[PDB]
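To be precise, the following lines are work23.csv, and they hold CSV, C-alpha atoms and all ligand atoms.
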```
chain,number,residue,atom,x,y,z
N,8,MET,CA,18.2,-4.9,8.4
N,9,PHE,CA,15.7,-2.2,8.6
N,10,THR,CA,16.3,-0.5,11.9
N,11,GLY,CA,15.1,2.5,13.8
N,12,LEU,CA,11.6,2.2,12.3
N,13,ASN,CA,8.6,3.9,14.1
N,14,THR,CA,5.2,2.5,13.4
N,15,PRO,CA,5.8,1.8,9.7
N,16,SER,CA,2.8,2.0,7.6
N,17,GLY,CA,3.4,1.2,3.8
N,18,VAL,CA,5.6,-1.2,1.9
N,19,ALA,CA,6.4,-1.7,-1.8
N,20,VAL,CA,8.9,-4.0,-3.6
N,21,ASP,CA,10.4,-3.3,-7.1
N,22,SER,CA,11.3,-5.8,-9.9
N,23,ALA,CA,14.8,-5.9,-8.5
N,24,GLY,CA,13.6,-7.0,-5.0
N,25,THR,CA,14.4,-3.6,-3.4
N,26,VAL,CA,11.9,-3.1,-0.6
N,27,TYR,CA,10.7,0.5,0.2
N,28,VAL,CA,9.0,1.3,3.5
N,29,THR,CA,7.2,4.5,4.7
N,30,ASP,CA,8.7,4.9,8.2
N,31,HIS,CA,5.5,6.8,9.3
N,32,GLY,CA,6.6,8.0,12.8
N,33,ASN,CA,10.0,9.2,11.6
N,34,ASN,CA,8.6,11.2,8.7
N,35,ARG,CA,10.7,9.4,6.2
N,36,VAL,CA,10.9,6.7,3.5
N,37,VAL,CA,13.6,4.0,3.8
N,38,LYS,CA,14.8,1.3,1.3
N,39,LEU,CA,16.7,-1.8,1.5
N,40,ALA,CA,18.4,-3.0,-1.7
N,41,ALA,CA,18.2,-6.7,-2.5
N,42,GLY,CA,21.1,-8.4,-0.9
N,43,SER,CA,22.1,-5.4,1.0
N,44,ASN,CA,22.6,-5.4,4.8
N,45,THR,CA,22.1,-1.6,5.1
N,46,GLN,CA,19.1,0.6,4.6
N,47,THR,CA,19.1,4.0,2.9
N,48,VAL,CA,16.9,6.9,3.5
N,49,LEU,CA,15.3,8.3,0.4
N,50,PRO,CA,15.9,12.1,-0.2
N,51,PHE,CA,12.3,13.2,0.2
N,52,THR,CA,12.0,16.3,2.2
N,53,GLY,CA,9.3,17.8,4.4
N,54,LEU,CA,7.2,14.6,4.8
N,55,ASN,CA,4.5,14.5,7.6
N,56,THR,CA,3.6,11.0,8.8
N,57,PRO,CA,3.8,9.5,5.4
N,58,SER,CA,1.5,6.5,4.9
N,59,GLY,CA,1.7,4.6,1.6
N,60,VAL,CA,4.5,4.0,-1.0
N,61,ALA,CA,4.5,2.5,-4.6
N,62,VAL,CA,7.3,2.1,-7.1
N,63,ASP,CA,6.7,2.0,-10.9
N,64,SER,CA,8.7,0.0,-13.5
N,65,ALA,CA,11.3,2.8,-13.9
N,66,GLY,CA,12.0,2.9,-10.3
N,67,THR,CA,10.1,6.0,-9.6
N,68,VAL,CA,8.9,6.1,-6.0
N,69,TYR,CA,5.5,7.6,-5.0
N,70,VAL,CA,4.5,8.5,-1.5
N,71,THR,CA,1.3,9.7,0.1
N,72,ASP,CA,2.5,12.5,2.3
N,73,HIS,CA,-0.5,11.9,4.7
N,74,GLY,CA,0.0,14.9,7.0
N,75,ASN,CA,0.5,17.4,4.2
N,76,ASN,CA,-2.4,16.3,2.2
N,77,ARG,CA,-0.3,15.6,-0.9
N,78,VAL,CA,1.4,13.0,-3.0
N,79,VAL,CA,5.1,13.2,-3.8
N,80,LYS,CA,7.5,11.4,-6.2
N,81,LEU,CA,11.1,10.8,-6.7
N,82,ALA,CA,12.7,9.5,-10.0
N,83,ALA,CA,15.4,6.8,-9.5
N,84,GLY,CA,18.7,8.6,-8.9
N,85,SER,CA,17.0,11.9,-8.3
N,86,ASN,CA,17.5,14.0,-5.2
N,87,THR,CA,14.7,16.4,-5.8
N,88,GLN,CA,11.0,15.2,-5.2
N,89,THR,CA,8.1,16.5,-7.3
N,90,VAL,CA,4.7,17.2,-5.7
N,91,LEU,CA,1.9,15.7,-7.8
O,8,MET,CA,-15.4,-13.8,0.0
O,9,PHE,CA,-13.1,-12.1,2.5
O,10,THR,CA,-15.0,-12.3,5.8
O,11,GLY,CA,-14.4,-11.5,9.4
O,12,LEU,CA,-12.2,-8.5,8.4
O,13,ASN,CA,-11.6,-5.7,11.0
O,14,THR,CA,-10.6,-2.3,9.7
O,15,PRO,CA,-8.4,-3.6,6.9
O,16,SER,CA,-5.6,-1.3,6.0
O,17,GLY,CA,-3.4,-2.6,3.1
O,18,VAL,CA,-4.0,-4.5,-0.2
O,19,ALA,CA,-1.8,-6.0,-2.9
O,20,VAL,CA,-2.5,-8.2,-5.9
O,21,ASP,CA,0.0,-10.6,-7.6
O,22,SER,CA,0.4,-11.5,-11.3
O,23,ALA,CA,-1.9,-14.4,-10.8
O,24,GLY,CA,-4.7,-12.2,-9.4
O,25,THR,CA,-4.4,-13.4,-5.9
O,26,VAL,CA,-5.4,-10.5,-3.6
O,27,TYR,CA,-3.6,-10.1,-0.2
O,28,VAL,CA,-5.1,-7.9,2.6
O,29,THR,CA,-3.6,-6.7,6.0
O,30,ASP,CA,-6.6,-7.4,8.3
O,31,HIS,CA,-5.3,-4.7,10.7
O,32,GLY,CA,-7.6,-5.1,13.7
O,33,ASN,CA,-7.2,-8.9,13.6
O,34,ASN,CA,-3.4,-8.9,13.6
O,35,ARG,CA,-3.2,-11.0,10.5
O,36,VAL,CA,-2.8,-11.1,6.7
O,37,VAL,CA,-5.4,-12.9,4.6
O,38,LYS,CA,-5.4,-13.8,0.9
O,39,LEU,CA,-7.9,-14.8,-1.7
O,40,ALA,CA,-6.7,-16.9,-4.6
O,41,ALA,CA,-8.1,-15.9,-8.0
O,42,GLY,CA,-11.3,-17.8,-8.6
O,43,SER,CA,-11.4,-19.1,-5.0
O,44,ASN,CA,-14.4,-18.6,-2.9
O,45,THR,CA,-12.4,-19.0,0.4
O,46,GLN,CA,-9.8,-16.9,2.1
O,47,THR,CA,-6.6,-18.2,3.7
O,48,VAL,CA,-4.7,-16.8,6.6
O,49,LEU,CA,-1.1,-16.4,5.9
O,50,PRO,CA,1.3,-18.0,8.5
O,51,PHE,CA,2.8,-14.9,9.8
O,52,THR,CA,3.2,-14.9,13.5
O,53,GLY,CA,3.2,-12.2,16.2
O,54,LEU,CA,1.8,-9.3,14.1
O,55,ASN,CA,0.6,-6.2,15.8
O,56,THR,CA,-1.9,-4.1,13.9
O,57,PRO,CA,-0.2,-4.7,10.5
O,58,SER,CA,-0.7,-1.9,8.1
O,59,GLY,CA,0.7,-2.4,4.5
O,60,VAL,CA,1.5,-5.5,2.3
O,61,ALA,CA,3.3,-6.0,-1.1
O,62,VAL,CA,4.0,-9.1,-3.1
O,63,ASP,CA,7.1,-9.5,-5.4
O,64,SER,CA,7.3,-11.4,-8.7
O,65,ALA,CA,8.2,-14.6,-6.9
O,66,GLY,CA,5.2,-14.4,-4.7
O,67,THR,CA,7.1,-13.3,-1.6
O,68,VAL,CA,4.8,-11.3,0.7
O,69,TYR,CA,6.1,-8.3,2.7
O,70,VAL,CA,4.2,-6.7,5.6
O,71,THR,CA,4.8,-3.6,7.7
O,72,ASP,CA,4.2,-5.0,11.2
O,73,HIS,CA,3.2,-1.5,12.3
O,74,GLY,CA,2.9,-2.1,16.1
O,75,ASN,CA,6.2,-4.0,16.3
O,76,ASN,CA,8.1,-1.4,14.4
O,77,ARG,CA,9.4,-3.9,11.9
O,78,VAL,CA,9.0,-5.4,8.4
O,79,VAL,CA,8.4,-9.1,7.9
O,80,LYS,CA,8.4,-11.4,4.9
O,81,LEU,CA,7.2,-14.8,3.8
O,82,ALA,CA,8.4,-16.7,0.7
O,83,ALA,CA,5.6,-18.4,-1.3
O,84,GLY,CA,5.0,-21.8,0.2
O,85,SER,CA,7.0,-21.0,3.4
O,86,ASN,CA,5.6,-21.2,6.9
O,87,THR,CA,8.4,-19.3,8.6
O,88,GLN,CA,8.5,-15.5,8.3
O,89,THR,CA,11.8,-13.6,8.2
O,90,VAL,CA,12.2,-10.2,10.0
O,91,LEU,CA,13.9,-7.7,7.6
M,8,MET,CA,-2.2,18.0,-10.0
M,9,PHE,CA,-3.9,16.0,-7.3
M,10,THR,CA,-6.0,18.6,-5.3
M,11,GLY,CA,-8.4,18.7,-2.5
M,12,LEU,CA,-6.8,15.6,-0.8
M,13,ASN,CA,-7.5,14.9,2.9
M,14,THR,CA,-5.0,12.8,4.8
M,15,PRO,CA,-4.4,10.4,1.8
M,16,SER,CA,-3.3,7.0,2.9
M,17,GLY,CA,-2.6,4.6,0.0
M,18,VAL,CA,-1.0,4.9,-3.4
M,19,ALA,CA,-0.5,2.6,-6.4
M,20,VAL,CA,0.9,3.0,-9.9
M,21,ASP,CA,0.0,0.9,-13.0
M,22,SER,CA,2.2,-0.1,-16.0
M,23,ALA,CA,1.0,2.9,-17.8
M,24,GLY,CA,2.1,5.3,-15.1
M,25,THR,CA,-1.4,6.2,-13.9
M,26,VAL,CA,-1.2,6.9,-10.1
M,27,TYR,CA,-4.2,5.9,-7.9
M,28,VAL,CA,-4.6,7.4,-4.4
M,29,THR,CA,-7.0,6.5,-1.5
M,30,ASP,CA,-8.1,10.0,-0.5
M,31,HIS,CA,-8.9,8.7,3.1
M,32,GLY,CA,-10.6,11.7,4.7
M,33,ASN,CA,-12.8,12.3,1.6
M,34,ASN,CA,-14.0,8.8,1.4
M,35,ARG,CA,-12.9,8.4,-2.2
M,36,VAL,CA,-10.2,7.1,-4.6
M,37,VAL,CA,-8.7,9.5,-7.1
M,38,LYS,CA,-6.4,8.8,-10.1
M,39,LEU,CA,-4.2,10.8,-12.3
M,40,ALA,CA,-3.4,9.5,-15.8
M,41,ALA,CA,0.2,9.7,-16.9
M,42,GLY,CA,0.6,13.1,-18.7
M,43,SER,CA,-2.7,14.4,-17.5
M,44,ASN,CA,-3.1,17.6,-15.6
M,45,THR,CA,-6.5,16.6,-14.1
M,46,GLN,CA,-7.5,14.0,-11.6
M,47,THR,CA,-10.5,11.8,-11.8
M,48,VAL,CA,-12.6,10.3,-9.1
M,49,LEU,CA,-13.1,6.6,-9.4
M,50,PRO,CA,-16.8,5.5,-9.3
M,51,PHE,CA,-16.6,3.5,-6.1
M,52,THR,CA,-19.6,4.1,-3.9
M,53,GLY,CA,-20.1,4.0,-0.1
M,54,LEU,CA,-16.5,4.1,1.0
M,55,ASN,CA,-15.6,4.8,4.6
M,56,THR,CA,-12.1,6.2,5.2
M,57,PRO,CA,-10.5,3.9,2.6
M,58,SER,CA,-7.0,3.0,3.4
M,59,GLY,CA,-5.0,1.0,0.8
M,60,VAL,CA,-5.2,0.6,-3.1
M,61,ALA,CA,-3.6,-1.8,-5.6
M,62,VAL,CA,-4.0,-2.2,-9.4
M,63,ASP,CA,-3.5,-5.5,-11.3
M,64,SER,CA,-2.2,-6.0,-14.8
M,65,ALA,CA,-5.6,-5.6,-16.3
M,66,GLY,CA,-6.2,-2.3,-14.6
M,67,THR,CA,-8.6,-3.6,-12.0
M,68,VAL,CA,-8.4,-1.4,-8.9
M,69,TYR,CA,-8.7,-2.9,-5.4
M,70,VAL,CA,-9.4,-0.9,-2.3
M,71,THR,CA,-9.5,-1.7,1.4
M,72,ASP,CA,-12.7,0.0,2.5
M,73,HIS,CA,-11.3,0.4,6.0
M,74,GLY,CA,-14.4,1.7,7.8
M,75,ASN,CA,-16.7,-0.9,6.3
M,76,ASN,CA,-14.5,-3.8,7.1
M,77,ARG,CA,-14.5,-4.9,3.5
M,78,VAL,CA,-12.5,-5.0,0.2
M,79,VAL,CA,-13.9,-3.6,-3.0
M,80,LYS,CA,-12.9,-3.7,-6.7
M,81,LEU,CA,-13.5,-2.0,-10.0
M,82,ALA,CA,-12.6,-3.4,-13.4
M,83,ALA,CA,-11.1,-0.8,-15.8
M,84,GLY,CA,-13.9,1.0,-17.5
M,85,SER,CA,-16.5,-0.4,-15.1
M,86,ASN,CA,-18.8,1.9,-13.1
M,87,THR,CA,-20.0,-0.8,-10.7
M,88,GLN,CA,-17.8,-2.0,-7.9
M,89,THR,CA,-17.8,-5.6,-6.6
M,90,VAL,CA,-17.4,-6.4,-2.9
M,91,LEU,CA,-14.8,-9.2,-2.4
W,101,CL,CL,0.3,5.3,14.0
W,102,CL,CL,-1.2,9.6,11.4
W,103,CL,CL,-7.8,1.7,12.6
W,104,CL,CL,-2.9,1.4,14.6
W,105,CL,CL,-6.0,9.9,9.5
W,106,CL,CL,-9.3,5.9,10.1
```
Spell out the structure here as C-alpha cells.
Ligand SMILES: [Cl-]
Ligand SMILES: [Cl-]
Ligand SMILES: [Cl-]
Ligand SMILES: [Cl-]
Ligand SMILES: [Cl-]
Ligand SMILES: [Cl-]
Amino acid sequence: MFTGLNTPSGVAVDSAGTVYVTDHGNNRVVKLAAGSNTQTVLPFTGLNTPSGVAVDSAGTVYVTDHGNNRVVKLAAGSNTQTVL
Amino acid sequence: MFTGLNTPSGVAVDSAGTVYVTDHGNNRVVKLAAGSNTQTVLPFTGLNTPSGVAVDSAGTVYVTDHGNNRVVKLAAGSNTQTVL
Amino acid sequence: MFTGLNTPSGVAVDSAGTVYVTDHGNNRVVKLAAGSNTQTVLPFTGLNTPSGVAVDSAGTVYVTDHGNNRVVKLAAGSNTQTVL
C-alpha cells in the first residue's frame, strides 16, 4: 500500500511495474515496487510541492519541483539528485 | 474529440496511441482510442479532482486520486478499480 | 539547463532521453534534448496554464491545456498543433 499520501499529484510506471507517485503535500516522491507491500521514499532532497514525475528506460526518475521552479532527477540506485 | 473537459490536469499515451486524460474538474478519467472519433469514460469510481495518469505496457491505468489522498488502478478490460 | 521556469507542473521523457516539461506559469512547454545544454520552447500556441505532458513512441507530444479545457498535440518536427 501507498500510505500517508497528501494530495498526490503525479504518477508514473516503469517497465518493471514499479509505480512512482509525487506525494505533493508531503514534499516527497514515493514508489512501490511491483509485488511489494511497502512503499519507499525516494532520496530527493529539498522538494517543494512537487507536481509531476516520469521514469526513463534506465530507471532514472524526473520530477517537476513545482515550488522551486526547477526539474530534478535521480539515476536508479543513486542517492544524489541532479538539478536539470 | 475530447469534449466536455473541465480543467484537465494529466495525460498519458499507450503504445497503441490511445490517449488517457484526467478530467480533473469532472472527477473522471477519459480516453480516446487511436483513430476513434469518440471518447470513453473509464470505469473508475469515487474520484475526487484526479490529477495525474499513467499507463503500463499491459494497458493498466494508474491515477492519482488527488482529493482522496490515494492512488487507484484499473487493468485493461476491468470494471473494478483497485486502491494501491 | 532548464531556466526561466515558473511553477512547472508536468514532465515526460522519450526513448531518446529528451525531457519535456509543462512550464505552467509561463503558458508554454519546454524540452531539453539528451546531452544538450540548451532548452527549446515547443511551438504550441495559445496555451493557458498547461498542466500535464506525454510523448508517444513517434515523438508526438500531448499536453493538457488546463485553462482552455482541451488537449493539444504536436507531431515531431511539426510547427502546427492539433486540438484533440
Ligand atoms: Cl493541492
Ligand atoms: Cl501547489
Ligand atoms: Cl484547477
Ligand atoms: Cl485541486
Ligand atoms: Cl500553481
Ligand atoms: Cl492553475
Both chains have the same sequence, so superpose chain M on chain N over all Cα atoms paired in order and return it as a PDB file with C-alpha atoms, in the frame of the given file.
```
ATOM      1  CA  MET M   8      18.257  -4.975   8.406  1.00  0.00           C
ATOM      2  CA  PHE M   9      15.694  -2.221   8.557  1.00  0.00           C
ATOM      3  CA  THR M  10      16.332  -0.445  11.965  1.00  0.00           C
ATOM      4  CA  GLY M  11      15.091   2.447  13.889  1.00  0.00           C
ATOM      5  CA  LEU M  12      11.540   2.157  12.351  1.00  0.00           C
ATOM      6  CA  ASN M  13       8.585   3.881  14.075  1.00  0.00           C
ATOM      7  CA  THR M  14       5.121   2.538  13.396  1.00  0.00           C
ATOM      8  CA  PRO M  15       5.872   1.875   9.639  1.00  0.00           C
ATOM      9  CA  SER M  16       2.785   1.985   7.533  1.00  0.00           C
ATOM     10  CA  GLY M  17       3.425   1.252   3.830  1.00  0.00           C
ATOM     11  CA  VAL M  18       5.620  -1.139   1.912  1.00  0.00           C
ATOM     12  CA  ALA M  19       6.461  -1.734  -1.759  1.00  0.00           C
ATOM     13  CA  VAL M  20       8.855  -3.988  -3.645  1.00  0.00           C
ATOM     14  CA  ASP M  21      10.367  -3.348  -7.129  1.00  0.00           C
ATOM     15  CA  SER M  22      11.335  -5.870  -9.876  1.00  0.00           C
ATOM     16  CA  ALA M  23      14.769  -5.952  -8.504  1.00  0.00           C
ATOM     17  CA  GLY M  24      13.656  -6.952  -5.037  1.00  0.00           C
ATOM     18  CA  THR M  25      14.452  -3.620  -3.374  1.00  0.00           C
ATOM     19  CA  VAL M  26      11.880  -3.075  -0.535  1.00  0.00           C
ATOM     20  CA  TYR M  27      10.698   0.519   0.191  1.00  0.00           C
ATOM     21  CA  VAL M  28       9.002   1.347   3.523  1.00  0.00           C
ATOM     22  CA  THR M  29       7.134   4.521   4.713  1.00  0.00           C
ATOM     23  CA  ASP M  30       8.681   4.889   8.167  1.00  0.00           C
ATOM     24  CA  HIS M  31       5.507   6.836   9.361  1.00  0.00           C
ATOM     25  CA  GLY M  32       6.531   8.039  12.819  1.00  0.00           C
ATOM     26  CA  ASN M  33       9.978   9.199  11.563  1.00  0.00           C
ATOM     27  CA  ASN M  34       8.621  11.176   8.738  1.00  0.00           C
ATOM     28  CA  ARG M  35      10.755   9.385   6.175  1.00  0.00           C
ATOM     29  CA  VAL M  36      10.928   6.617   3.521  1.00  0.00           C
ATOM     30  CA  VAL M  37      13.629   3.995   3.821  1.00  0.00           C
ATOM     31  CA  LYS M  38      14.727   1.302   1.306  1.00  0.00           C
ATOM     32  CA  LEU M  39      16.737  -1.800   1.425  1.00  0.00           C
ATOM     33  CA  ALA M  40      18.404  -3.054  -1.773  1.00  0.00           C
ATOM     34  CA  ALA M  41      18.103  -6.739  -2.508  1.00  0.00           C
ATOM     35  CA  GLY M  42      21.203  -8.422  -0.920  1.00  0.00           C
ATOM     36  CA  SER M  43      22.149  -5.380   1.048  1.00  0.00           C
ATOM     37  CA  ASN M  44      22.604  -5.374   4.763  1.00  0.00           C
ATOM     38  CA  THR M  45      22.092  -1.574   5.091  1.00  0.00           C
ATOM     39  CA  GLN M  46      19.108   0.632   4.600  1.00  0.00           C
ATOM     40  CA  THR M  47      19.089   3.958   2.923  1.00  0.00           C
ATOM     41  CA  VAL M  48      16.939   6.959   3.497  1.00  0.00           C
ATOM     42  CA  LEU M  49      15.305   8.308   0.408  1.00  0.00           C
ATOM     43  CA  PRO M  50      15.905  12.078  -0.169  1.00  0.00           C
ATOM     44  CA  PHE M  51      12.304  13.175   0.163  1.00  0.00           C
ATOM     45  CA  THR M  52      12.002  16.356   2.160  1.00  0.00           C
ATOM     46  CA  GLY M  53       9.232  17.762   4.408  1.00  0.00           C
ATOM     47  CA  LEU M  54       7.205  14.631   4.923  1.00  0.00           C
ATOM     48  CA  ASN M  55       4.543  14.472   7.596  1.00  0.00           C
ATOM     49  CA  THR M  56       3.645  10.980   8.848  1.00  0.00           C
ATOM     50  CA  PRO M  57       3.801   9.451   5.348  1.00  0.00           C
ATOM     51  CA  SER M  58       1.486   6.599   4.893  1.00  0.00           C
ATOM     52  CA  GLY M  59       1.668   4.618   1.606  1.00  0.00           C
ATOM     53  CA  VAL M  60       4.481   3.972  -1.055  1.00  0.00           C
ATOM     54  CA  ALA M  61       4.506   2.493  -4.574  1.00  0.00           C
ATOM     55  CA  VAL M  62       7.312   2.058  -7.162  1.00  0.00           C
ATOM     56  CA  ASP M  63       6.767   1.985 -10.963  1.00  0.00           C
ATOM     57  CA  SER M  64       8.701   0.057 -13.557  1.00  0.00           C
ATOM     58  CA  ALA M  65      11.239   2.776 -13.929  1.00  0.00           C
ATOM     59  CA  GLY M  66      11.970   2.895 -10.242  1.00  0.00           C
ATOM     60  CA  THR M  67      10.111   6.100  -9.551  1.00  0.00           C
ATOM     61  CA  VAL M  68       8.896   6.090  -5.944  1.00  0.00           C
ATOM     62  CA  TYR M  69       5.515   7.598  -5.001  1.00  0.00           C
ATOM     63  CA  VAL M  70       4.502   8.482  -1.495  1.00  0.00           C
ATOM     64  CA  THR M  71       1.285   9.670   0.111  1.00  0.00           C
ATOM     65  CA  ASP M  72       2.493  12.491   2.330  1.00  0.00           C
ATOM     66  CA  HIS M  73      -0.431  11.918   4.673  1.00  0.00           C
ATOM     67  CA  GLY M  74      -0.010  14.916   6.991  1.00  0.00           C
ATOM     68  CA  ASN M  75       0.496  17.379   4.166  1.00  0.00           C
ATOM     69  CA  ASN M  76      -2.469  16.259   2.205  1.00  0.00           C
ATOM     70  CA  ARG M  77      -0.339  15.678  -0.843  1.00  0.00           C
ATOM     71  CA  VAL M  78       1.421  13.040  -3.044  1.00  0.00           C
ATOM     72  CA  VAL M  79       5.107  13.221  -3.776  1.00  0.00           C
ATOM     73  CA  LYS M  80       7.518  11.423  -6.155  1.00  0.00           C
ATOM     74  CA  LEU M  81      11.168  10.754  -6.760  1.00  0.00           C
ATOM     75  CA  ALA M  82      12.670   9.457  -9.983  1.00  0.00           C
ATOM     76  CA  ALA M  83      15.404   6.807  -9.464  1.00  0.00           C
ATOM     77  CA  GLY M  84      18.656   8.555  -8.882  1.00  0.00           C
ATOM     78  CA  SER M  85      16.963  11.926  -8.379  1.00  0.00           C
ATOM     79  CA  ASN M  86      17.505  13.966  -5.197  1.00  0.00           C
ATOM     80  CA  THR M  87      14.611  16.361  -5.815  1.00  0.00           C
ATOM     81  CA  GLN M  88      11.062  15.283  -5.217  1.00  0.00           C
ATOM     82  CA  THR M  89       8.093  16.523  -7.291  1.00  0.00           C
ATOM     83  CA  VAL M  90       4.703  17.243  -5.717  1.00  0.00           C
ATOM     84  CA  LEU M  91       1.882  15.651  -7.804  1.00  0.00           C
TER      85      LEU M  91
END
```
Quiz item: Near chain M, which residues of chain O fall within 6 Å when you count only C-alpha atoms, and what do they look like as a list in words?
Solution: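 So the contacting residues turn out to be residues 8, 9, 12, 13, 14, 15, 16, 17, 18 and 19 of chain O.
Remark: for ligand CL 101 (chain W), the closest of the candidate residues N:20, N:34, N:42, N:11 is N:34 (distances computed over all atoms listed in the file).
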Quiz item: For ligand CL 106 (chain W), which of M:55, M:29, M:85, M:46 is the closest residue, counting all atoms listed in the file?
Solution: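 For ligand CL 106 (chain W), the nearest of the candidates is M:55.
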Within 8 Å of (-22.5, 5.6, -7.6), in the coordinates the file gives, what residues turn up when you count all atoms listed in the file, written out as a PDB file with C-alpha atoms, in the frame of the given file?
```pdb
ATOM      1  CA  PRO M  50     -16.800   5.500  -9.300  1.00  0.00           C
ATOM      2  CA  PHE M  51     -16.600   3.500  -6.100  1.00  0.00           C
ATOM      3  CA  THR M  52     -19.600   4.100  -3.900  1.00  0.00           C
ATOM      4  CA  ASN M  86     -18.800   1.900 -13.100  1.00  0.00           C
ATOM      5  CA  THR M  87     -20.000  -0.800 -10.700  1.00  0.00           C
TER       6      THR M  87
END
```
Practice problem: State, in Å with one decimal place, the distance from atom CA of residue N:79 to atom CL of ligand CL 102 (chain W). | Solution: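 Spanning atom CA of residue N:79 to atom CL of ligand CL 102 (chain W) is a straight-line distance of 16.8 Å.
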Quiz item: O:47, O:25, O:88, O:33: which is nearest ligand CL 103 (chain W), counting all atoms listed in the file?
Solution: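 So, comparing all the options, the nearest one is O:33.
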Quiz item: Which one of N:23, N:45, N:30, N:84 sits closest to ligand CL 102 (chain W) if you count only C-alpha atoms and all ligand atoms?
Solution: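 Going through N:23, N:45, N:30, N:84 one by one, the smallest distance to ligand CL 102 (chain W) is for N:30.
Rounded to one decimal, atom CA of residue N:80 and atom CA of residue O:38 lie 29.2 Å from each other.
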Exercise. Quote the spacing between atom CA of residue O:39 and atom CA of residue O:26 in Å to one decimal place.
Key: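 Taking atom CA of residue O:39 as the start and atom CA of residue O:26 as the end point, the length is 5.3 Å.
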Quiz item: Counting only C-alpha atoms and all ligand atoms, which of O:53, O:66, O:32, O:24 gets nearest to ligand CL 106 (chain W)?
Solution: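 Checking each candidate against ligand CL 106 (chain W), we get O:32 as the closest.
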Take stretch 17-29 of chain N from the preceding structure and save N, CA, C and O atoms as a tab-separated table (two decimals), in the first residue's frame.
```
chain	number	residue	atom	x	y	z
N	17	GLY	N	1.25	13.68	-9.25
N	17	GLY	CA	1.70	12.85	-10.42
N	17	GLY	C	1.94	11.38	-10.21
N	17	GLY	O	2.22	10.96	-9.11
N	18	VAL	N	1.92	10.62	-11.32
N	18	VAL	CA	2.17	9.18	-11.23
N	18	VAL	C	2.89	8.73	-12.49
N	18	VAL	O	2.63	9.23	-13.59
N	19	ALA	N	3.81	7.79	-12.31
N	19	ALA	CA	4.45	7.14	-13.47
N	19	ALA	C	4.64	5.66	-13.15
N	19	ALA	O	4.62	5.26	-12.00
N	20	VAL	N	4.82	4.86	-14.20
N	20	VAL	CA	5.02	3.42	-14.01
N	20	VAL	C	6.15	2.96	-14.94
N	20	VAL	O	6.19	3.37	-16.08
N	21	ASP	N	7.13	2.21	-14.43
N	21	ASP	CA	8.26	1.76	-15.27
N	21	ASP	C	7.94	0.40	-15.95
N	21	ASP	O	6.90	-0.19	-15.75
N	22	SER	N	8.86	-0.06	-16.77
N	22	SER	CA	8.71	-1.34	-17.46
N	22	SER	C	8.70	-2.53	-16.52
N	22	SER	O	8.17	-3.56	-16.84
N	23	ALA	N	9.21	-2.38	-15.33
N	23	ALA	CA	9.02	-3.37	-14.31
N	23	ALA	C	7.74	-3.32	-13.52
N	23	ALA	O	7.55	-4.15	-12.67
N	24	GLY	N	6.87	-2.34	-13.75
N	24	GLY	CA	5.63	-2.23	-12.99
N	24	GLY	C	5.77	-1.50	-11.66
N	24	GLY	O	4.85	-1.51	-10.86
N	25	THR	N	6.92	-0.89	-11.42
N	25	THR	CA	7.12	-0.07	-10.23
N	25	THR	C	6.38	1.26	-10.49
N	25	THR	O	6.48	1.84	-11.57
N	26	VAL	N	5.58	1.64	-9.51
N	26	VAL	CA	4.73	2.84	-9.63
N	26	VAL	C	5.37	3.95	-8.73
N	26	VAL	O	5.73	3.68	-7.59
N	27	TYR	N	5.52	5.14	-9.29
N	27	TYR	CA	6.20	6.29	-8.67
N	27	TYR	C	5.14	7.34	-8.54
N	27	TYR	O	4.44	7.57	-9.51
N	28	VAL	N	5.02	7.97	-7.36
N	28	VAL	CA	3.98	8.97	-7.13
N	28	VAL	C	4.58	10.25	-6.54
N	28	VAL	O	5.39	10.14	-5.64
N	29	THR	N	4.23	11.43	-7.06
N	29	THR	CA	4.66	12.70	-6.36
N	29	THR	C	3.64	12.97	-5.27
N	29	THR	O	2.45	13.18	-5.56
```
